């Protein structure tokens, strides 16, 4: 403890708190960023990750994109951790505002499985406007590695913890 949490299965623990704070706690982990195709970290969790790095994350992201072009929806890229974690896995969830289908979360969450310990927000559950329950279902269905799923909204936590 130290945070409110529910163990869902052998792999997944749901945590009420801040993903950055949970990632700092763990000696070894990857932190997941809920990113857009251009890795422009203007807001949401992406914004808070970038600011916690003092803009180091945006700097790196720009270099990656500048040289490699935009990601596809459902793609991910493992980049440096900038002291927040061992590395940051930037994952591009579907944006329901752009009629992108929630089923692309399968690709997002499968990318977790090659990592030993993952700390993640619910992908697409913010401004990308996927039902948190739907995002969580896709996570449980596809994630097979040790994962701390961190939500900062107690009402969302209660819904998913039932």
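Residue numbers count along the first chain shown, from 1.
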Report summary line: Ranked by mean Cα B-factor in the entry, 44 to 52 and 116 to 124, top stretch is 44 to 52
Report summary line: Higher of the two mean Cα B-factors (153 to 161, 1 to 9; per PDB record) comes from 1 to 9
Requested in this report: Please pick out which of 33, 58, 99, 36 has the largest Cα B-factor as recorded in the entry.
Outcome: 99
Report task. Select lowest, middle or highest to describe the third in which the CA B-factor of residue 103 falls within its chain in this entry. Result -> middle
**Report entry** Third of the chain, ranked by Cα B-factor, where residue 95 sits
**Finding:** lowest
Query raised in the report: With respect to C-alpha B-factor, does residue 144 fall in the lowest, middle or highest third of the chain as deposited?
Result: middle
Requested in this report: Pull the Cα B-factor of residue 130 out of the PDB entry and bin it into the chain's lowest, middle or highest third.
Outcome: middle
